[PDB]
Amino acid sequence: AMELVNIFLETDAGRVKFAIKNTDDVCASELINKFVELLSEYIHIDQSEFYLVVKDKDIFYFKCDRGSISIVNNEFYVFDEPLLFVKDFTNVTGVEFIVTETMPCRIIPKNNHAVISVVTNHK
Amino acid sequence: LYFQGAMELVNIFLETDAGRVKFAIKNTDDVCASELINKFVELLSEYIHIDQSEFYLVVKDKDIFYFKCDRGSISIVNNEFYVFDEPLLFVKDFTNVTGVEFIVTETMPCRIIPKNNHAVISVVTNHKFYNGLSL
């Protein structure tokens with residue numbers, strides 16, 4: 001039900017979303033650390049600086065600075081670039097970050113995973 | 001294709017304990033483009049896995065020139081217009097490289113496998129010759 005729109009997995013089968021099933025019907029703000037837990041498997045959270053954009057009906061921006069989370073307000077980028085997605089795959093090969101001129105990233109990957117950086121400037 | 005004088009890499013820098021470090025070749029008179037860009041790739045290969053990475057090299061020698069390094073295979077990129085004119089603080093002395101900084105654009109993404117737990121830093125520029133966002 002809840003998914004990231006600015007970070008994706010690179011896999012042998014294609015692009016895979018970070019998605020969490022909202023069982024308790026909580027809010028984006030209350031489940032953000034679950035996304036960080038998911039990314040924790042592929043990058044070093046305590047050494048990385050990056051933003052998390054969560055789509056939950058509306059869009060909610062967050063910054064993760066070495067594990068510390070903050071709410072981001074004045075951002076209006078539309079991560080609506082038509083992308084093709086899959087869900088099944090065998091192995092992860094990289095982590096894909098959609099960056100913007102106001103939302104850079106600093107990533108230290110795990111297990112020789114690749115860091116992919118793609119730019120959007122729409123709104 | 002040939003150049004003369006100093007050539008600077010303007011979209012890739014080292015992140016070090018002392019700050020940002022620039023790659024430059026001080027004399028390029030008789031050397032051709034493929035040899036010049038190869039030298040930058042060789043320098044970068046100490047910090048990233050060239051055979052698995054895909055990125056762009058933007059160099060400035062009077063004019064701006066664009067190249068793509070796809071798993072070690074270098075190609076010239078035509079019809080690019082990003083100017084990479086953001087003023088930046090550089091240093092030349094350092095003791096430890098902690099990451100590689102990539103200035104990426106809508107047309108020039110990057111796929112980087114770093115070495116030695118080095119960080120990958122990605123910063124966007126949107127400034128172009130003619131779009132009215134540079135300078």
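In what follows, chains carry the letters A, B, and so on, assigned in the order in which the sequence lines appear, proteins first and then strands, with residues in each chain numbered from 1. Reckoned from all heavy atoms, side chains included, excluding hydrogens, waters and symmetry mates.
Within the 4.5 Å cutoff, side-chain heavy atoms of B:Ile25 are placed close to those of B:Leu36. Taking 4.5 Å as the limit, some side-chain heavy atom of B:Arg111 sits within range of a side-chain heavy atom of A:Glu10. Residues A:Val36 and A:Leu52 form a side-chain contact, since some pair of their non-hydrogen atoms from C-beta on lies under 4.5 Å apart. For the pair B:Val59/B:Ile37, a side-chain contact is recorded, criterion being any heavy-atom separation below 4.5 Å from C-beta on. Here the side chains of B:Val91 and B:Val21 are in contact, with some heavy-atom distance below 4.5 Å. With a 4.5 Å cut-off on side-chain heavy atoms, A:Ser117 and A:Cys105 count as touching.
Across A:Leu38 and A:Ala19, no two heavy atoms sit closer than the pair CD1-O, 4.5 Å. In terms of heavy atoms, A:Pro109 sits closest to A:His44 at O-CD2, 3.4 Å. The shortest heavy-atom contact between A:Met2 and A:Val26 is CE-O, 4.0 Å. Among all heavy-atom pairs drawn from B:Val123 and A:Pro104, the shortest one is CG2-CB, 4.3 Å.
B:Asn11 places no side-chain N or O within 3.5 Å of a backbone atom of B:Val104 that could act as its donor or acceptor partner. In this structure, the side chain of B:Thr16 engages the main chain of B:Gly19 through a donor-acceptor pair within 3.5 Å. Looking at A:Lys110, its side chain does come within 3.5 Å of a backbone N or O of A:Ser40 through a donor-acceptor pair. A side-chain donor-acceptor contact under 3.5 Å links A:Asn22 to the backbone of A:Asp25. At least one donor-acceptor pair under 3.5 Å links the side chain of B:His127 to the backbone N or O of B:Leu133.
Hydrophobic clustering, with ILVMFWY side chains joined whenever heavy atoms are under 4.5 angstrom apart, keeps A:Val95 apart from A:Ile98. A single hydrophobic cluster is seen to contain both B:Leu44 and B:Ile74, as judged by linkage of ILVMFWY side chains at heavy-atom distances under 4.5 Å, directly or through other members.
For A:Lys63, the NZ atom sits in a loose shell: 12 or fewer heavy atoms of surrounding residues, nucleotides or ligands are nearer than 6.0 Å. Atom CD of A:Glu37 has 12 or fewer heavy atoms from other residues, nucleotides or ligands within 6.0 Å. For B:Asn117, the CG atom sits in a loose shell: 12 or fewer heavy atoms of surrounding residues, nucleotides or ligands are nearer than 6.0 Å. The neighbour count for B:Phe129 CZ, taken as heavy atoms of other residues, nucleotides or ligands under 6.0 Å away, is above 12. In A:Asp46, the CG atom is crowded: over 12 heavy atoms of neighbouring residues, nucleotides or ligands sit closer than 6.0 Å.
Using modelled atom types, one finds a donor on one side chain and an acceptor on the other under 3.5 Å when comparing B:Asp61 with B:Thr28. Side chain to side chain, B:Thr125 and A:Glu101 fail the donor-acceptor criterion of an N or O pair below 3.5 Å.
Every pair passing ring pair (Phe, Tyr, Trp, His ring centres under 6.0 Å) that includes a residue from residues 73-104 of chain A is listed here, sequence neighbours excluded: A:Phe8-A:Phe85.
By the side chain to side chain contact (heavy atoms under 4.5 Å, CB included) test, B:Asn96 is found to be paired with B:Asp17, B:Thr98, residues two or more places apart in sequence or in another chain being considered. Looking at residues two or more places apart in sequence or on another chain, you find a salt bridge (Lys or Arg N to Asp or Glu O under 4.0 Å) between A:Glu49 and A:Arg66.
Taken from SG in B:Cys69 to OH in B:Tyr56, the straight-line distance is 11.0 Å, to the nearest 0.5 Å. Taking NZ from A:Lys55 and CG from A:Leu4, the interatomic distance works out to 12.5 Å, rounded to the nearest 0.5 Å. Note that CD1 of B:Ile112 is 4.5 Å distant from OG of B:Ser53, once rounded to the nearest 0.5 Å. The structure places NZ of A:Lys123 at 10.5 Å from CG of A:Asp80, a figure rounded to the nearest 0.5 Å.
Relative ring orientation between A:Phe18 and A:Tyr42 is described as perpendicular, the plane-to-plane angle rising above 60° on a 0-90° scale split at 30° and 60°.
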Residues B:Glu80, B:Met108; criterion side chain to side chain contact (heavy atoms under 4.5 Å, CB included); working and verdict: CA-CA 9 Å; B:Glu80 287 299 330; B:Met108 290 184 284; 4.1 Å; yes

